[PDB]
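What follows is one chain in structure tokens, specifically the form described as "open form" in its entry title.
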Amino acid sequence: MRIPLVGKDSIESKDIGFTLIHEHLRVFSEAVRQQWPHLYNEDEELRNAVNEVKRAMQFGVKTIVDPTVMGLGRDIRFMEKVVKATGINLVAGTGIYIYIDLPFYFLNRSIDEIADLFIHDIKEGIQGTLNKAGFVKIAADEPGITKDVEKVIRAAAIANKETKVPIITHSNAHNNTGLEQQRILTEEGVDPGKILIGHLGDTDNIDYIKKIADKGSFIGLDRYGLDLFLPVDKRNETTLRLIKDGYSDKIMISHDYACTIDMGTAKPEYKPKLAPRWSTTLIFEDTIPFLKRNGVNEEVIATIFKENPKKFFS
């Protein structure tokens, strides 16, 4: 009993099993949903999330880590409903997802006050329940490391030092944000092995990805199916390359699938190859078979999906 689970007793990290480290049951903008509930259907969202999780479990997924936090519409009671319907081990997190500035609430507030919110969710529970957070999620993207983005990073480091939960990040693979997150966190005393630098699979710049892995953090090849960021074939070649080059013990793989997401849909792009179905199981249908074909053995798969998450949460 060391990793808290939604709707269940906590488990030992050694028992996490086959894990999807970055998937979302549901994402929404809190303010839009509060103000215009007519745009949403929680029953449909629930059905969709339950079906996705069930499909993941039939491929052998034991645990799903869901980094939906403030800014992405975290709802612990929705998450509980999915657990009740499926029996999945679900790890919820705390944190703040922003690209530029914090909400107005945080005007005249300290990094310590921010960290206290995270620690509340880890030690006391999330949204008035006894379901506790098992990691912290932070973000940076195109705007880079702004002052408020940096405040949140520093607050995450405080929470990690106090509670030992790991940190998952969102970064932009093309502007060094991930490298900066890793640097700031490690400067503040976070173990590099307690950090997953996200969305590195969005680039085929292997020198950049290795640089981060070499500094001791997990690398998030974590958006399989999101072709608009990087097509599955190029992701697969990069993943294969990294495996070939000895990086299995730093690689984490996921889809960043949002079973439902409320953002406007971007212009389709059509390529010669039929578009992969983005879902929580695309890796079982495409990536893993591809790897196996190219001689990747079962031990690599176990390393990426079992041993790495076990270490991350240890």
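Heads up: residue numbers just count along the shown sequence, starting at 1. Residues that one form lacks are left out of the comparison. Rigid core here is just the name for the largest C-alpha set that superposes within 1.5 Å across the two forms.
The same protein also exists as the form described as "closed form" in its entry title; that form is not shown, yet it is the one meant from here on.
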Practice problem: Compare the position of the CA of residue 34 between this form and the one not shown after a rigid core fit and state whether the shift reaches 2 Å. | Solution: no
Self-check item: Threshold 2 Å Cα movement between this form and the one not shown at residue 264, rigid core reference
Solution: no
Quiz item: Any chance the CA of residue 273 moves 2 angstroms or more between this form and the one not shown, core superposed?
Solution: yes
Self-check item: Cα distance between residue 272 and residue 237, which in that other deposited form differs by 3 Å or more from this form, closer or farther
Solution: farther
Quiz item: By 3 Å or more, the Cα spacing of residue 237 and residue 276 differs in that other deposited form; is it closer or farther than in this view?
Solution: farther
Exercise. Once the core is lined up, would you list the consecutive runs of at least three residues whose Cα atoms each shift 2 Å or more between this form and the one not shown?
Key: 265-276
